[PDB]
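> can you look at this? It's an experimental structure, sequence on top.
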Amino acid sequence: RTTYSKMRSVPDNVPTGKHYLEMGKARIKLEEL
RNA sequence: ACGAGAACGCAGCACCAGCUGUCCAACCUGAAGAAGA
């Protein structure tokens, strides 16, 4: 029942350097066998 | 005072011998813990 323009993010803090990173990142790479 | 009387259709003998209730077959198909706590 709450109206919002967009789905706000949920960043974090890493130890200090206040770096905001979205929880759950990864990379994709493909190699034979 | 009978075409009569007397006379066990009876004795011995395994419904038995051989024979896989077996053969093939996936408990399998399709489906985020997100979301304003």
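Thanks, I have the structure now. Numbering: from 1, shown residues only, chains lettered A, B, ... in the order given.
> contact residues of chain A facing RNA strand B?
A:2, A:4, A:7, A:8, A:10 (C-beta under 7 Å from any atom of the strand). C-beta coordinates here come from the backbone N, C-alpha and C atoms, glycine included.
> what strand or helix carries the first one?
Read it as residue A:2. Assigned by DSSP states H and E, residue A:2 belongs to neither a helix nor a strand.
> give me the number of residues near it?
3 (other C-beta atoms under 10 Å).
> would you turn the residues of chain A next to RNA strand B into CSV with secondary structure and distance to residue A:31?
Formatted as CSV, the residues of chain A next to RNA strand B follow (DSSP: H, G, I helix; E, B strand; the rest coil; distance: C-beta to C-beta, whole Å):
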residue, secondary structure, distance to residue A:31
A:2, coil, 46
A:4, coil, 42
A:7, coil, 35
A:8, coil, 38
A:10, coil, 33
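> dead centre of chain A: give me the residue that sits there.
residue A:22 (1.3 Å; C-alpha atoms, centre = their mean).
> which ones are touching it?
For residue A:22, the contact set (C-beta atoms under 8 Å, 6 or more residues apart in numbering) comprises A:9, A:10, A:11.
> which one of the residues you listed has the most neighbours?
residue A:11 (12 neighbours).
> isn't it up against residue A:24?
No: checked against C-beta atoms under 8 Å, the pair residue A:11 and residue A:24 is beyond contact range at 11.7 Å.
> does residue A:21 touch residue A:12 like I think?
Yes: counting by C-beta under 8 Å, residue A:21 does reach residue A:12; the two are 6.2 Å apart.
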